């Protein structure tokens, strides 16, 4: 069982033609079993998995594999820690993580974060990001708040308010609260309703297009990402992946975290990617990424269409 999977990992790193077995293993078993296998690797081989991978894999691919063999909640906490520990802040990482997880998952990681690091997740995020930028107000609200159901009347009121905000150039002082309340505190069901209500009321205008009008820079990415996550997580994954493939080269740290966080749940990513961007995901990946790393990203995002195996 586990001993067999360990030997498959060993062989994958010793024969270049078998490197993707590491990815097949990630796709074939639940995260808790992958973590068990990682723990068992050390016991069996006398070498820690990360030390072994380092000898055989490039940094991008090693980092990806390590992210895959972790339980989700652990991965999320480690990403937030990585983005905040020391001198700088990786603001993009904090946005990618906090805005694309369910409210129950935020609750779970607040507690796990404290257990791992003896720090408050909300407090570390606020200390590092401040609360001036709209993207910062948004992730702070998400980090410490809840998403609670609302009635149609409240949605009608907020609809008028968000339209007002969309119509004015720049985020006005009276508009800050509208944007944060909707994007940080709406449930998925209510946000989907509001999205459709906006199109219904404003002659087919788009709420996401209004986000684009209102915001720029990381604010714009953050509110688009929150929009897409609430509306359809598969669209959010496609959006984040498109941005990560962005421009001259590609953002491998971002590619890794978006892929590791979302590949298992967001099976429609490739479909929405083509629907929205016109180009097949695999074709963009082929252009942007060479070698085994590109093959791994393509494979992880290929929908698994069969039951998982067990160790």
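Positions refer to the first chain, counted from 1.
If you average the C-alpha B-factors over 245 to 253 and over 48 to 56, the higher value belongs to 245 to 253. When 218 to 226 is weighed against 160 to 168, 160 to 168 comes out higher, by mean CA B-factor as recorded in the entry. The residue among 213, 96, 128, 108 whose C-alpha atom has the highest B-factor in the PDB entry is 108. As recorded in the PDB entry, 203 shows the highest C-alpha B-factor of the residues 203, 178, 185, 100.
Ranked by Cα temperature factor within the chain, residue 90 sits in the middle third according to the deposited record.
Remark: residue 79 belongs to the lowest third of its chain, ranked by C-alpha B-factor as recorded. When all modelled residues of the chain are sorted by CA temperature factor, residue 41 is found within the highest third. Among the modelled residues of its chain, residue 259 has a C-alpha B-factor that falls in the lowest third according to the deposited record.
Split the chain's modelled residues into thirds by C-alpha temperature factor. Residue 147 is in the highest one.
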